[PDB]
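Student: Once you've seen the sequence and the experimental structure below, I've got questions.
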Amino acid sequence: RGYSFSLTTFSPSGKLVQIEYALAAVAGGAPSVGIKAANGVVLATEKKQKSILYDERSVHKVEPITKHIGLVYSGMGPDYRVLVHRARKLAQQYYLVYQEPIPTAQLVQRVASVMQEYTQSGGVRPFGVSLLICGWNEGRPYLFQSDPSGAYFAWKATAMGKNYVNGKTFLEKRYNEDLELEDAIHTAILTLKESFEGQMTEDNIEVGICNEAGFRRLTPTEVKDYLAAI
Amino acid sequence: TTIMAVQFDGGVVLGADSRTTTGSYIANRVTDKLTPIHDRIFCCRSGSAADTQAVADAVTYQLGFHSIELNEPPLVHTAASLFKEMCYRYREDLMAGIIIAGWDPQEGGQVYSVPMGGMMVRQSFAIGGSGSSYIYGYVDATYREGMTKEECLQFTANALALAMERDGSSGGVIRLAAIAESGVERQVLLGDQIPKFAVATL
Amino acid sequence: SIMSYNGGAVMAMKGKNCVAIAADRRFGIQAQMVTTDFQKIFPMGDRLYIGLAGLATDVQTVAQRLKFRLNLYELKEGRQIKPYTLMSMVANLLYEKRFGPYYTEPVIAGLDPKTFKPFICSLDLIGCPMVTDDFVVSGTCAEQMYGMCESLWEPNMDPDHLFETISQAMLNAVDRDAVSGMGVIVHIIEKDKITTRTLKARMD
Amino acid sequence: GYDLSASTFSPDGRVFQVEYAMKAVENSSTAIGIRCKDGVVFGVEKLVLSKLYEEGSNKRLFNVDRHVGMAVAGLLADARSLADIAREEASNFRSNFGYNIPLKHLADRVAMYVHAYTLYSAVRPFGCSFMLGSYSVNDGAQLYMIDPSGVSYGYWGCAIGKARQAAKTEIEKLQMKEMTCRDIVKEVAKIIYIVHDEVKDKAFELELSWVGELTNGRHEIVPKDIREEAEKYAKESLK
Amino acid sequence: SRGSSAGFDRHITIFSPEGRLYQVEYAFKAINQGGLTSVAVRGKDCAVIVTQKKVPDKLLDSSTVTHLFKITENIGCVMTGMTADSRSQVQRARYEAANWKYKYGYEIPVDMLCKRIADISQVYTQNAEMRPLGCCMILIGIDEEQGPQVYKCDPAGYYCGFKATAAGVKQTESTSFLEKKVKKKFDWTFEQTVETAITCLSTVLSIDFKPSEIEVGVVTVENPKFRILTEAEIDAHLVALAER
Amino acid sequence: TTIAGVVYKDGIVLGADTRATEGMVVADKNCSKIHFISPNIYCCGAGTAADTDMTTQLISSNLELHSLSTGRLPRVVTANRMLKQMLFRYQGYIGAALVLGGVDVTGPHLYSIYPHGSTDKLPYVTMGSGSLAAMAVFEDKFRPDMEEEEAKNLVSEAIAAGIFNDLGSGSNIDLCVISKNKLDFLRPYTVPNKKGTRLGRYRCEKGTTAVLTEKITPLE
Amino acid sequence: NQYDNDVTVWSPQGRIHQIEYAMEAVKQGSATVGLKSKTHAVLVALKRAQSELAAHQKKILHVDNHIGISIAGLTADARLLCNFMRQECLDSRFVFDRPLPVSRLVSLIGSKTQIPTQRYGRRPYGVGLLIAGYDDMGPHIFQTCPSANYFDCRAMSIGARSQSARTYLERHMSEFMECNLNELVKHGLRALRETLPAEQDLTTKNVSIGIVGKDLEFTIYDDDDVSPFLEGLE
Amino acid sequence: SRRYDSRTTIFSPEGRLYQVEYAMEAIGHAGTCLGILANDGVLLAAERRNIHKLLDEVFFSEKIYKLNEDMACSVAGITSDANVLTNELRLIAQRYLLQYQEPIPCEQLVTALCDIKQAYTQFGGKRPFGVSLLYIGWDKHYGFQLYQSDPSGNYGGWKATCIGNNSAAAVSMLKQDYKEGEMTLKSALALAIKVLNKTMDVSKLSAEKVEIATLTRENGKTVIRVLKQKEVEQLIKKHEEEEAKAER
Ligand SMILES: [Cl-]
Ligand SMILES: [Cl-]
Ligand SMILES: [Cl-]
Ligand SMILES: [Cl-]
Ligand SMILES: [Cl-]
Ligand SMILES: [Cl-]
Ligand SMILES: [Cl-]
Ligand SMILES: [Cl-]
Ligand SMILES: [Cl-]
Ligand SMILES: [Cl-]
Ligand SMILES: [Cl-]
Ligand SMILES: [Cl-]
Ligand SMILES: [Cl-]
Ligand SMILES: [Cl-]
Ligand SMILES: [Cl-]
Ligand SMILES: [Cl-]
Ligand SMILES: [Cl-]
Ligand SMILES: [Cl-]
Ligand SMILES: [Cl-]
Ligand SMILES: [Cl-]
Ligand SMILES: [Cl-]
Ligand SMILES: [K+]
Ligand SMILES: [K+]
Ligand SMILES: [Mg+2]
Ligand SMILES: [Mg+2]
Ligand SMILES: [Mg+2]
């Protein structure tokens, strides 16, 4: 039938340990970074890309939700695909009713709410991912994180996955409010290089950007260009 | 509409006119009423265009899936049975008069009628649609056991042309298909290629 | 006709940096007037109103169910709803009842809460939207209304001229309709204020 | 412990509940099938646990369609339930597609049903293995075997139950591709008598069925007189 | 952490204290229970699947022993791991493809079919009441723009497209062999694709095959319909290899 | 309504008038009947206006979910199937009569879709109360493989025929030109109808309308 | 042990302890005997009486004109199954206007009773039946088990100390086919009497009899109606 | 499956509901959140946990939620759980308004939510919500009001209270300084700052670290405002000036 009891419960000390443990899957994930510039947002991620045998172009970690919103994550890839699909569906449901693209914050709230369900509803575990969601609306950039509990936070810049504590202190000592998007892309890629291991190419990192014109992945060739300086 | 199919030794011939009407407006003058259901199985459609298109799409799905599972070409009899099941079950909500024809390795060329109401019967040759009324006498007098493929094609083109002359709800071009072990051969008779029989002036 | 069981008329009209919305005041049942102060125009924001003609019960239900939805929207979203978005919300509410509709055909009039740009629209009973740059009308005297609007409306009117035009369009339209009238109310919506007036009008 | 539910893998990637269900089949007495030139023959060593039972009680050979026989080993209530599933599948296929279900498709369909009982805490695996046999002019003779995991394969010869290996080794001696059903029945009986442990389990009935050119593609019990001759040949061959 | 366990985290798909899913890990071990290895390779013109064919029992009808499956006319697959699970997954794939064509009017792209099966597998990793399928699916087909495709999905619900890949007992060794061979090759792409696949398999198993001991399936740009090689065809490749 | 489309050498031209009526009154002089489906696919709508709007919006949204998933440009057949399967299910109660045109990896494609769910794939089609007027133009003048400008001329002529000969049609001519390289959404394309000008003035000065009650409410 | 609480849990020996435990409910019931000739099928049952002032529990139940049962195990499960059988019989007469063949009814019991042996949180039926019937294939005695298995019998006994009754039945079963009815019921009684402690005897208070055959619809004999059958156990 | 069911909705041997208790431990560790009722209004003041330098500041608050025209709340505990409950509060309040055409009275909204919380402790086998809430409001039956609810589905009305970190200490200081019937919004504000100053003893209090909302009545309308940082620093300044007076 389905198990109808919660698999996440309170421990005596008031902790929801399944959600902590989901956060440990996130922390062991590949690194992701998001920086909100004055005029846009950049999302960047390391591909845990073993083998030359992988077709790097065949699946993407940086994904469009709408024309104006995109996502990345750290943690479990297959869990992320669930949330990408729901986010897309949520965005379209909103668009059908209101005839306006979903504001980034509204999209984050509805996705975060799905993640909350999986902490309480019967016979399921939480999602082992944290999301970084970027968007542009009301003439302005937004960067949000949504965690396995269903809590969300708005950031100017952050890091998640392996070595994120350090990544965050690297960005503290490097982000400024009046920074441009192109500079921000450079600093995002440097933040990944802090914990990389393996020599970076345009095939083992993935970068997405968000501005007035919309959300899109950078192409391999555009990434190659930013990589020359690094 | 007028639709027709005829069995020969090794295959079948199918044909239709190309007129689709709403009332007495011609909404399509070059309709394709012979729809492929699998590699060597077609259906000729008459009745509601919405109904026969929906039913044919559904059967195509069912038959394709069935065929993959079995890893064999499908039986013409199976295609007809699938049409029949759907046309019979939903006989109160459909207006569909179907001829299923084709070839398979087990039984050769075969023609089945699934008229409105959803009965199914195998026949040497079959006619249907509004125009078929005007060619019962003709096909009854002209049919001969053991016609070749080429004779079946001529017999079909003639019958359809006669129907088309008399039935306001049939017309346009004649679409033909022949189906055999080697494949499907389609053609269109238009304008002066349609068989012609004088109006009987004084 | 279901739509004439109660009678009634609403219209809206665009001016320079202002909009106007008006309604008759009769609530009646076929020939019989029951009351003369029945509300048909409802606030949906400080600078955004909706007017509903048609069957009085559905006028009230739609206004109420719309407010429910709007209040939830505004609490969840940062902010006051944009006019165009209100239209869409209303369209979606009406089209949910596509096969057993509410018998009402609204008009919306307002100013964008951030830009103060004028907006007017109307919808049919199943939610088809229609935006215009001049006027919209809905009710049992729509022909009469169209005739007055087509003849009097001009572009870029100031608030005073807009008030006279919409007032003369309503009064004269309803005076050719047995089941509309018994009073007219007019709201003029500007950036810095709402002016609400009842008109001297025939009471027959 | 890792062996309580079919929805739990062990650390080595096993599903012990399915393995345990297989043990129930392996405790059962032996059934065999042999495909030959013109059909398929089934035999079962049918242990008689009380003399109070009628001849024919607790049959292990079933007709699942007019052209399809089923031979079972394991928990008999589970096997009968599967025979009902097979019957329903053959019936539904005829109603939907308008012709007799091909053996292989029937095998694959019932195998998926068996398989569905190997994924969940909500249900347990079937404690039975079973063979399906048919014959037609178009498809020839076909013999399939399905186990509690839901695996399905085709065979020239097959045996299930506790003397499986001893049976297989005797089946391997036949050139079955060139033999007829009438020749094979005797050899089926012979092999059941060979693998039967007359010391440990005292009394059995031989059950025999076949489907082939000689039955016109109908699955049928072997006639009484032919079964008795085959028993007598098996018994004398044991000497 | 380092192999820690709490509560029921080895019995059902809940997180362990390191954030692992042991039940999913165990499903990968189930793939090897079968004892078989499969290889798949793609070039500019074709994609190929090769797997071992083991018929230990003489009494088996060896024509019914296969791990190669037609999904649609144009999509083929090799299954590795628990057999009944595999068959189930093949049926689901066939259903998804047929459904896609009925709804959308064109054939499902290989990448989308792989994603769909992987998404269905994901659900078994998050819901407690059923196990994952202990099998892995490799799909081949021709995409009209991108050319020959090889895609793989696994019991974690991960999926990826590949130049070449493998599955089952000798997966790691196959992966090593294939990596070493593509680096050598210009524009990192295989050219002799059926030979690479068979050679890879033969090296990592140390066997030198007879034609009855492997199965080979192909799709080509000129001939997109999935095709299974006969014994004689396979023999021609074995003999061409043996002779240099 | 008069809506139409043509396949030309390099693409599709869609056309529509801009009148909406309620009964035998014009409600909208400038409504938009050429609806977005995807960047490479558009659809003209005739029949019950809320049904055409809602149907095209829903399919456009499902197609966007489809294309987001596939990463590819959608196909015209896919929009056709989705529209026709939904319309069939509703048995003609969704009164949407559509002209669907676009350009995909297989080139240009044009379909007419009827409320009950039948579709016809054809090189020219017309729908709406003006459809026979527009079809007469097409039968008289269509040629295969027209150039862009010829095709646009023919479609606007055909819409004009409906505008002038059908009481259900009027006001402006909108076109949408779709090729491999270009999308030209031409709203309006032509404005062959105009309100005559007003000869007298009725600029009624403040105080003309007598007022019973007044309330000013100041806002922020 | 970890293997004995759920009917869905196979043990490592290929057994299902919940089903075996359900069978103990029948072994602890009072004994009943079923036997047949060419023309009749008979049931004989011992009724256990709670106190010296209790009637004695019903053991024998009418199913249809041609079918009756004897029960051993949980009485509430017996009634549930008996009501299922009754309904199956009524269905067949309603639809086909003829009696439900006995072997078909027993098949339906097997299929119905197997289902809960395979689903979590369900349990086997804790009852065993002897089924006496008469149809076109003559008289029958069937036995049904909590395992959902069933048996076609020349004769049978289930319940406490039924081994003794089974032994007696094997000893005399070659006589049964040719027995007149009185003879056959006498045999049923003698078999049942072997199950008793040596002191004690068959009485009109503890014996219940059910008979069906060619000339005779399923009939139950209790109390004073068993005396003709009990006298001349000579 | 009985083996895996942790049985969230059963009694323990002393008649306790362990989950509920455990959820109450989660709350006690969350951000301190106080509510104070005055004659002219009601307020909420909360410790912000969203305080890292790189956070963006995009909403008008972190933990203060508008429920309807006349009511707001704050929360202590699991944030995602609080989002579910506050969404539900807004729904309830609109259901009422739809049905009666007047605002839901404060105690009625609280009780409706509390009945949902209660259900989660009694049936359905799910973990309870790990949230306590403070509700501020005005209605025409009892005027200015302050309520508190917890994961048991229990609630009460208060003149002043506290939930979250150091609650016990905060309530002691309230017990001592709060003047029943004589508080103004201005003196409640001073007291709120005094209390947070003591109970955020990790460490020195700052405007970036607290959120304050006021609920007042102006011209027959409820006004709900979140104080700007300028005002919060001013109150902190005033409290620090005040403690300079404390000896002489
Ligand atoms: Cl449950
Ligand atoms: Cl998606
Ligand atoms: Cl959007
Ligand atoms: Cl992109
Ligand atoms: Cl058609
Ligand atoms: Cl017909
Ligand atoms: Cl017909
Ligand atoms: Cl017709
Ligand atoms: Cl025509
Ligand atoms: Cl509503
Ligand atoms: Cl076995
Ligand atoms: Cl299809
Ligand atoms: Cl190569
Ligand atoms: Cl289509
Ligand atoms: Cl129209
Ligand atoms: Cl008993
Ligand atoms: Cl009992
Ligand atoms: Cl048993
Ligand atoms: Cl017993
Ligand atoms: Cl409110
Ligand atoms: Cl309210
Ligand atoms: K004609
Ligand atoms: K699971
Ligand atoms: Mg009037
Ligand atoms: Mg009057
Ligand atoms: Mg219909």
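Tutor: Arrived safely. Numbering: from 1, shown residues only, chains lettered A, B, ... in the order given. Ligands and ions are numbered 1, 2, ... in the order given.
Student: Counting by contacts, list what the helix or strand hosting residue H:225 packs against.
Tutor: Per DSSP states H and E, residue H:225 falls inside strand H:221-226. Counting contacts by 3 or more Cβ pairs under 8 Å, 6 or more residues apart in numbering or on different chains; DSSP states H and E, strand H:221-226 packs against strand H:210-218. In short, each C-beta sits where N, CA and C put it, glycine included.
Student: Next, the angle strand H:221-226 makes with the strand it packs on.
Tutor: If you take axes from the mean of the first three to the mean of the last three Cα atoms, to 10 degrees, strand H:210-218 sits at 170 degrees to strand H:221-226.
Student: got a list of contacts for strand H:210-218?
Tutor: With contacts defined as Cβ atoms under 8 Å, 6 or more residues apart in numbering or on different chains, strand H:210-218 is touched by H:40-48, H:61-64, H:71-72, H:74, H:136-138, H:144, H:185, H:189, H:192, H:196, H:222-227, H:231-232, H:235.
Student: circling back to that earlier point, heading C-terminal from the strand holding residue H:225, find the next helix or strand.
Tutor: Sequence order places helix H:229-244 as the next helix or strand after strand H:221-226, per DSSP H and E.
Student: Mind listing what's buried along that next one?
Tutor: By neighbour count on 16 or more other Cβ atoms under 10 Å in any protein chain shown, the buried set for helix H:229-244 is H:232, H:235-236, H:239.
Student: Likewise for stretch E:116-133?
Tutor: Quick answer for stretch E:116-133 (16+ other Cβ under 10 Å): E:116-122, E:124-133.
Student: just those that are near chain D?
Tutor: E:128-132 (Cβ under 8 Å from any Cβ of the partner chain).
Student: still on that earlier bit, can you tell me which of the contacts of strand H:210-218 are buried?
Tutor: For these, a burial check counting by 16+ other Cβ under 10 Å picks out H:41-48, H:61-64, H:71-72, H:74, H:136-138, H:144, H:185, H:189, H:192, H:196, H:222, H:224, H:226-227, H:232, H:235.
Student: Show me the strands in chain C, by range?
Tutor: Using DSSP state E, the strands of chain C run over C:9-14, C:18-24, C:27-29, C:32-35, C:41-43, C:48-51, C:107-111, C:118-123, C:129-132, C:135-139, C:184-190, C:193-199.
Student: Same check on chain H?
Tutor: Assigned by DSSP E, the strands in chain H fall at H:33-38, H:41-47, H:64-68, H:71-77, H:131-139, H:143-149, H:155-157, H:160-163, H:210-218, H:221-226.
Student: How about chain D?
Tutor: So, for chain D - with DSSP E - the strands run D:31-36, D:39-47, D:61-65, D:68-74, D:128-136, D:140-146, D:152-154, D:157-160, D:204-212, D:220-221.
Student: Report the central residue of chain E.
Tutor: By Cα atoms, centre = their mean, chain E has its centre lying nearest to residue E:138, at 2.7 Å.
Student: thinking that one is in contact with residue E:150, fair?
Tutor: Yes - Residue E:138 is within contact range of residue E:150, at 6.7 Å (criterion: Cβ atoms under 8 Å).
Student: Show me the common contact partners of those two, please.
Tutor: Overlap of the contact sets of residue E:138 and residue E:150 (by Cβ under 8 Å, 6+ apart) consists of E:40, E:165.
Student: Enumerate every residue touching whichever residue of chain E sits closest to ligand 17.
Tutor: Nearest residue of chain E to ligand 17: residue E:129, at 33.8 Å (Cβ to the ion). By Cβ under 8 Å, 6+ apart, the contact set of residue E:129 is A:1-3, A:123, D:7, D:120-122, H:1.
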